[PDB]
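S.K.: I have a structure I would like to understand better, so I am pasting it below and will then ask my questions one at a time.
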Amino acid sequence: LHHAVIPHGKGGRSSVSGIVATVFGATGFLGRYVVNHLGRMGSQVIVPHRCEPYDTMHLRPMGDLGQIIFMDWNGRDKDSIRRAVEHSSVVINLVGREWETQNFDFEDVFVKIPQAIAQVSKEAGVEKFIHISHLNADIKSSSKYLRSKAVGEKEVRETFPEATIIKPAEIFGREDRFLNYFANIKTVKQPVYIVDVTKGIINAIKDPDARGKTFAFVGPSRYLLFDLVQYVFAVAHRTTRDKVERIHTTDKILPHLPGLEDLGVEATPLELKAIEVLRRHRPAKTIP
Amino acid sequence: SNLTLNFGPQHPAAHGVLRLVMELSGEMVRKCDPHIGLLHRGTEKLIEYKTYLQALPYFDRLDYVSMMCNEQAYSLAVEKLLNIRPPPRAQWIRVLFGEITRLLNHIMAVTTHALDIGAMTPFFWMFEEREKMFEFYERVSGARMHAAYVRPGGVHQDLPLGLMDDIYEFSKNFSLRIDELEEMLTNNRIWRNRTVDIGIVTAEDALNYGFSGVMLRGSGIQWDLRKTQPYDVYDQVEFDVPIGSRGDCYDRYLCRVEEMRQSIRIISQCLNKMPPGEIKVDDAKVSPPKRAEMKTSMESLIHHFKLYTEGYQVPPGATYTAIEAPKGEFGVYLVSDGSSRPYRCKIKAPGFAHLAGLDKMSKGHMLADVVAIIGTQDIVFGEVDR
Amino acid sequence: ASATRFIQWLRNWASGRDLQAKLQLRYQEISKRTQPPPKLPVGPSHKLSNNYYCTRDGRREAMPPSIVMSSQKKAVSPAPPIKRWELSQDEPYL
Amino acid sequence: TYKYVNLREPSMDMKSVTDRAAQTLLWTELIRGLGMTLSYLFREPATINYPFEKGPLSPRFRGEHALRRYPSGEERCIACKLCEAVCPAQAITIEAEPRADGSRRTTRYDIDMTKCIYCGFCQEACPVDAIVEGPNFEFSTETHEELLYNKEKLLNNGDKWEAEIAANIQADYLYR
Amino acid sequence: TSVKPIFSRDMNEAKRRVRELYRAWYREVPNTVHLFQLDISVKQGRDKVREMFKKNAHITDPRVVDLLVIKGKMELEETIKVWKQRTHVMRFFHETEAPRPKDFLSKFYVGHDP
Amino acid sequence: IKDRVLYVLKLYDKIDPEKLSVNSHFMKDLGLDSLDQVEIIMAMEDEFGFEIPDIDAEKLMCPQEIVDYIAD
Amino acid sequence: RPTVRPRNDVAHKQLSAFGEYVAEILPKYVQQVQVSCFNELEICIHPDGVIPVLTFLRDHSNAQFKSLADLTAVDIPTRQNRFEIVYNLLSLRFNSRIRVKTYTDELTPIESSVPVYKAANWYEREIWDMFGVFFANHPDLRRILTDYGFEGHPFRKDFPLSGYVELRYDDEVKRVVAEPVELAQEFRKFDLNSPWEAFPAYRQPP
Amino acid sequence: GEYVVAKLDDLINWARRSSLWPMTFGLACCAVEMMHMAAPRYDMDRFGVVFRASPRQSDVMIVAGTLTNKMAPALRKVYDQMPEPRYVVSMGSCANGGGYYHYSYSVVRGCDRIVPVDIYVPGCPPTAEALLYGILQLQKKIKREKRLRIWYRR
Amino acid sequence: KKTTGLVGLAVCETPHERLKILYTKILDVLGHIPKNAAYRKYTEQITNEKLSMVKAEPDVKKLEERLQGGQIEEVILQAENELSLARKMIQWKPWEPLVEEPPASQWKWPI
Ligand SMILES: NC(=O)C1=CN([C@@H]2O[C@H](COP(=O)(O)OP(=O)(O)OC[C@H]3O[C@@H](n4cnc5c(N)ncnc54)[C@H](OP(=O)(O)O)[C@@H]3O)[C@@H](O)[C@H]2O)C=CC1
Ligand code: SF4
Ligand code: SF4
Ligand code: SF4
């Protein structure tokens, strides 16, 4: 270990965790929890952002002075990718979009961009690579989103064989597009808490076993979609064609893949955190 | 019903933040429970880790409207424990800038009191005068507010050439500015309706509740530390102590306006009686030598080196030293253990006991009166919380 | 300083004062911003003889407190009663 | 000596009573207050045209710090640490060692400008006029980190402002 | 060993006050969870009360017990009168603190602290 | 009474119906602590809607003693 | 002598005489009376005497210390009773100040002096908050300066300068949280005391 | 296309920096210098910075003084209730990073541990002119925003 | 007198009579204190001194000057305070020996 990245302190804000992480997609729902957890323990975080600096301000208080560094980057500019990962020991890719746009389609955000990040990271000598895919990724899905997730999942493994691929179920939390999606409006779902996904990602960085593996992050219980939507409306005291297709895909069961338990994380029940998410909008039987 | 007042008004205000928990029955206030500590910064503990010189700037930041007066109180306490005496010219400078500071405080007290009651305009007129007085601070110390100018042993530097002429030109016109302020307020029937018979306190109660300054004189008590326990050269200037008769907000307002006039009267004598000589005690084991001496004489260099690293040792002892600060009796209970760092420094802020009497003074008044009563006490939470 | 004579009369009448004699804005009456150098005096300890520090050592003249009573006739007050204050002759009543 | 601020007996003769009734009914003292604000309307305002016009300052002004040199270009600071010892905020951090030519010079000289209280004790304490508070006060930044000055920044400040700093010291050093 | 009491002259008198304070805290928890809109359950809140009481169960000085009850009442008054805010109540649970290693090996790996 | 008292005590989580006898001691038999006892009495004050002072509650160490106290 | 503070023997004599006066009248409580070299009178008393002594000084016709200037505490850990309670009183009638001192430890309460001076109300709340001294029969004793839920008494000599916890905003829980204190720059302790004695007049016996 | 988005950004940026309504947290001595910026010599109103602004009508928060632990939750609450766009100016050493009270047990070591900060104004206190320089610097920061340019390229 | 000048302190119509009654009551209360108690000896001495002035001087302005206790209504207030104290002193009995000695180094400064 380079002397500058030997851990020091007691794991707090002013400590040195030894982690130098570049987090692509840090300005999103998942990225704000990952950056927060990295900053809690005194990691150096590089935050390449496409958005206006005004939209990165919520990340500023998450680290001690100097621990959060912001950079401009473009998905299609590899030089900007190289500048961001050049000094990092881990690269985390949280880039994604739940819809397509004129300038970026699902193939751009879930295939071309992840592949470019992984390739430049390997060429830059980056040691660890974390890539977020999706539990229901499949090249036979009715959803173009889930089809692209499968193709990109394959290209990342080919480019960065030692990459740690994580495949979460739909994530619920304060800023999600799951419980909030239902509160604003057959299939079986296994939603997983945002903090559990974040903790698992942080543990995959610190765990040398996670290299080269693919994980499936799922919640404890499986809910029939109808029961889930009724539960949300009760707690709340009350879109695109692709999004509907994804929401109606039954969560794949993959017992061969390691899960949160293998990374030391205890999956949080939905019922414990449902009120937290839905309180601002003011128990489903599981499938054994 | 229970109600909480806002931290501060919606216009710039520099008194700090207060959480006032009140019990009301209709329009009337039945209980007032100030919740302070929102500007508690453990100043008294921090001072124990400083030398006596290093702790002096903390006193600028207590009642941060009366900076040099707070410096004077601390300097007098250390001078007493040191058993030394500042030279006469420094004493006159300290009285001169003590009264300039009183003007600064009374403008802030009177005009923000009016501003919170809704009379915005006088604040703007009189803060131009405050801006000119900030320039006097800056010309002697290099800082507009936290001068750190008055120190044990005297003052840090002599007045620059030409400063006293400018203080004279300012003082020449200031009474007219007070008159304009009185034209707006003194006889105004709306101002009198907001202040007359509001927050009455008896002479007996004022004493037992620990009040001081105008909070005593508004009730007819004939007391002023500059008269009764004079310090520096206050025994050498002539001035009158304004005394109230009704013990209410209006009389206290009149006392503060008249005190401003007496401060001009004192400043006039200071400008004419300023003596020549050195401005800090000619004892280099307490006051650092001149820079030219420090760069030429072996003894001066040693004493400069030691005064700015270890600092002077103060003989063991304890003193309670108080002055007539613009807000009332401001004192320090300073304990020396013989070293160059104070063992204990308790600060007596006049606004602490005044605010503790808010519940007593607000009884039988309406919600809008609570604002007037806070203003008449002239509360700054740097000195309340420390 | 540059107000027209009519405007000077109007604001003088409205205020009831001679504002022009005590303007709150400073012009050329103030001191020059460049001054001649000072030559400051020295204190009374700046002597070449008869100036031994032990004769002017205030700190070393401080003593520990006098112990009047330790647990190891006419009545008195802590000081004479304070003398009643006099009314100002400059202006007793505002 | 004392005076009464509010101890006056209103006269109860008819003329005086009718003066007070006229004031009550005809709002005379309120009109008087309107006269005062009207007179101010026609006064020249006190506002200056910042940033084209600036508030007046004196040579003693305590602004942004800088590290100074001798006329030959040698640094004045000899790492005595008097400024670091006196600093009331512990804002100064210094490390030193013998320079390659044997000189006593600092290898670290940091001022945390967000700890500093801009009191000027460091420049009082300095025996060689090395650390000064300059005249600059317009150095606000967009990040906290930009206000943690290291030695290179402070030396650059000295080289940037020496022309003004030297003249201000020439103006005030006989008062010190 | 002759001292001025605070409130209770012996442990039996002191333990009566402890039980009275526990009763008040026990009944307050449901109101606290509602008033502060806490995401914790009432059982979690009452378990926290028990843990705080249990940690001082070994005291045998009635004066020390009096002070603990005096402080516990002050804490309750802050909570009931809503002088505390949501953050102050949740400070009992240390949610953002990562679990600190307990066994010798875990501590040995992470630093020098015992 | 006795049916109501046992209903609460069975409904108490720390207590199992197996060892809950009408004469069982809350401490020795059921293994409860002093704060568990205070918790039990608070449930009794809820079932019957009246207050039980701490001086009284400190002797009700078995369910039968609670039965007797409620009757009086 | 221009640099030396002048003595005032007249006030030293007056205060000494009044010091004996108070000791003669309250022998049940007065343990020591001293007058400092700068003329300040201190009455050191047994803590049981707080109310009788303060009441006497307030109401006696030869005293009339009607104004409580300040009430504070001092922590001296080496003393069996580490806390020294200091009352600074003022008499407007006789234009004089007196100081009354007593002591207590962590577990021994002091009688509240609110009945004698209403000013004492908040001063005693501050002493309780900052030093942890309990005042018996205080109408409303609770913290006044520290944050709600604050643990410890910061003005005790053995309380660390930066405390034990510090606050920050945490986005995950969307609130301000409290965590164990870590400092980017540790406070730098300085050893300043010269190894040479400064004041012979205060030398303690070996 | 790009031309229309470029000018709309200029218009909205101009409106926002020309109408900056501040919520002042007058916490300690720095608030005094803030009042002097409102006073006639500098008259911040003449730049469009209104004197009296309600927290729910505010575009910029000025943290003028020491932030204690006791006060930190209340400051965050006011920030959270500010409608966007919202900016924070940290004024003075205490707010910037604890200042003279940095090592105190009761003080937040910089308000940027509680809220994001846009401008740091140094000094103890900064002069009224130095604060005004900071507000003018925030205006030029708003002038550089490209919100619609970013949105168009999404 | 129209006013005493101190808020809340009413003027007294019959100050000479009021002081005679108050000083007589104080002397009566002091009789229940032990003869050797310093409080009784001193309080009686000053009380008798003031009572004699009240009897000698029938002019309030000239009596006020003799007593030197402010206005005559301030003297009456102080007499009421002394009487209140005298009654409390009987229950405290501060003339008794020192209740307890301090620890050996209790009042030693510096440490
Ligand atoms: N949330 C869920 O339920 C699940 C999420 N995931 C994966 O987790 C990752 C993030 O989840 P989430 O954070 O919720 O997604 P968000 O949409 O919340 O965040 C998306 C991130 O990707 C960035 N981004 C999007 N498009 C582009 C682009 N064209 N060029 C550059 N940057 C871009 C965004 O930056 P900007 O802010 O600039 O748009 C943002 O930072 C994604 O990969 C998603 O597929 C997997 C399974 C479930
Ligand atoms: S100005 Fe004062 S606080 Fe700032 S570095 Fe110098 S000595 Fe330290
Ligand atoms: S700047 Fe001056 S005082 Fe500080 S270390 Fe250098 S020479 Fe010494
Ligand atoms: S930075 Fe200076 S002026 Fe501002 S609040 Fe802190 S001490 Fe006061």
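Residue positions begin at 1 at the first shown residue.
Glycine too: its Cβ is placed from the backbone N, Cα and C atoms.
Here Swiss-Prot flags D:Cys77, D:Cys80, D:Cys83, D:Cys126 as [4Fe-4S] cluster 1 binding site. Residues or ranges marked as [4Fe-4S] cluster 2 binding site by Swiss-Prot on the basis of sequence analysis: D:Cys87, D:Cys116, D:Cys119, D:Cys122. The domain '4Fe-4S ferredoxin-type 1' annotation in Swiss-Prot covers D:68-97. Here Swiss-Prot flags D:107-136 as domain '4Fe-4S ferredoxin-type 2'.
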S.K.: Given the binding-site residues D:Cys116, D:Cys119, D:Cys122, which lie within 10 A of D:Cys83 ([4Fe-4S] cluster 1 binding site) by CA-CA distance?
M.R.: D:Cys122
S.K.: When the domain '4Fe-4S ferredoxin-type 1' (D:68-97) is classified with DSSP, how many of its residues are helical, how many are strand and how many are coil?
M.R.: 5 helix, 8 strand, 17 coil
S.K.: Tell me, if you would, which residue among D:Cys80, D:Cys116, D:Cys119 (binding-site residues) has the fewest other CB atoms within 10 Å in the structure shown?
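M.R.: Output over binding-site residues D:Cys80, D:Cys116, D:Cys119: least Cβ neighbours within 10 Å is D:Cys80.
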S.K.: Please list residues from the chain of D:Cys126 ([4Fe-4S] cluster 1 binding site) whose Cβ is under 8 angstroms from its Cβ, counting only those at least six apart in sequence.
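M.R.: D:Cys77, D:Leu82, D:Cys83, D:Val132 - these are the non-local Cβ neighbours of D:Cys126 ([4Fe-4S] cluster 1 binding site), listed in sequence order.
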S.K.: Take the binding-site residues D:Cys77, D:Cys116, D:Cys119, D:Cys122, D:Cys126 and keep those with a Cβ under 8 Å from any chain B Cβ; what remains?
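M.R.: Answer, by Cβ distance to chain B: D:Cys119.
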S.K.: Compile a sequence-ordered list of residues in the same chain as D:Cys87 ([4Fe-4S] cluster 2 binding site), six or more apart from it, whose Cβ lies below 8 A from its Cβ; state 'none' when nothing qualifies.
M.R.: D:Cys116, D:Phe121, D:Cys122
S.K.: With DSSP helix as H/G/I and strand as E/B, how many residues of the domain '4Fe-4S ferredoxin-type 2' (D:107-136) fall in helix, strand and coil?
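M.R.: In the domain '4Fe-4S ferredoxin-type 2' (D:107-136), the DSSP-based counts are 5 helix, 9 strand, 16 coil.
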S.K.: Which chain neighbours of the [4Fe-4S] cluster 1 site, leaving out D:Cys77, D:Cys80, D:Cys83, D:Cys126, have a Cβ atom within 8 Å of the mean position of the site's Cβ atoms?
M.R.: D:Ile78, D:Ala79, D:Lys81, D:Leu82, D:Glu84, D:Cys122, D:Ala125, D:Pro127, D:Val128, D:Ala130, D:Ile131
S.K.: Out of D:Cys77, D:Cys80, D:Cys119, D:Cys126, which binding-site residues lie by ligand 2, with a C-beta less than 6 Å from some atom of it?
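M.R.: Only D:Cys119 meet the Cβ criterion.
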S.K.: How big is the gap, in Å, between the Cα of D:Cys119 ([4Fe-4S] cluster 2 binding site) and that of D:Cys80 ([4Fe-4S] cluster 1 binding site), rounded to a whole number?
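M.R.: With distance taken Cα to Cα, D:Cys80 ([4Fe-4S] cluster 1 binding site) is 19 Å from D:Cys119 ([4Fe-4S] cluster 2 binding site).
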S.K.: Out of D:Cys83, D:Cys87, D:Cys116, D:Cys119, which binding-site residues lie by ligand 3, with a C-beta less than 6 Å from some atom of it?
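M.R.: Among D:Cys83, D:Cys87, D:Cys116, D:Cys119, near ligand 3: D:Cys83.
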S.K.: Using the Cβ center of D:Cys87, D:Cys116, D:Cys119, D:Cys122 as the [4Fe-4S] cluster 2 site position, which other residues in that chain lie within 8 Å, going by their Cβ?
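M.R.: In sequence order, the nearby non-listed residues are D:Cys83, D:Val86, D:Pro88, D:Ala89, D:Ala91, D:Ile92, D:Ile111, D:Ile117, D:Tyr118, D:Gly120, D:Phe121.
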S.K.: Going by Cβ pairs closer than 8 Å, show me which of the binding-site residues D:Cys80, D:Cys83, D:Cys87, D:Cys116, D:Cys122, D:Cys126 neighbour chain H.
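M.R.: Filtering D:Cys80, D:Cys83, D:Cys87, D:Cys116, D:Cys122, D:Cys126 for a Cβ under 8 Å from chain H leaves D:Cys116.
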S.K.: Could you tally the C-beta atoms, other than its own, that fall within 10 angstroms of the C-beta of D:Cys122 ([4Fe-4S] cluster 2 binding site)?
M.R.: 24
